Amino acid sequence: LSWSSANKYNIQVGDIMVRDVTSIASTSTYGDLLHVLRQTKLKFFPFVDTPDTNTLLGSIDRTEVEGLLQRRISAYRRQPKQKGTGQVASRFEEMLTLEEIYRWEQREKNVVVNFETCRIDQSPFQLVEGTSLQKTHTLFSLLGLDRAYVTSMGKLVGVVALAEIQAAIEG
């Protein structure tokens, strides 16, 4: 003779995941890049199909985005005691001024970016909404992750950060 019942916790990536993701799509412009760099602190972004479709194609590093932008800026002016100005005289020729870079983005702020010389990284996992907070935590622990992208059949749906996960697991 016996009875039947029970209870439990039941949290999931979705009741933690941020649905407003700062992503970079193959259709974004150099203005989009500068924005992501200036308006965030993220060390990497999800590299999407298109802001509409949202097919997660991988992720791009901040240092990788900074590179594309640098290669562009330089490959544009590529023409081939006085007052001191501020300038990113990289390379080693003759101070490429800061006023120039300001005017640079004014001119190419809407030019779609060419992510060809850029390195997109493939994720070694798949994290879906239904996933339990415990399996999501174990995933982060075994791979040593800080941020993971939750997908839905290839499409970006949100971002989960280990911080948010731990806190949710303690609340």
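Heads up: residue numbers just count along the shown sequence, starting at 1.
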When you step from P80 to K81 in this entry, do you jump over none, 1 to 3, 4 to 9, or 10 or more residues of the deposited sequence that have no coordinates? 10 or more
Averaging CA B factors per stretch from the PDB record, which one is higher: 7-15 or 147-155? 7-15
Taking the values exactly as deposited, rank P46 by C-alpha B-factor within its chain and report the matching third: lowest, middle or highest. lowest
Going by the entry, which third of its chain does the Cα temperature factor of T53 land in? highest
What third of its chain, lowest, middle or highest, does the C-alpha temperature factor of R71 fall into? lowest
Lowest, middle or highest third of the chain for the C-alpha temperature factor of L98? lowest
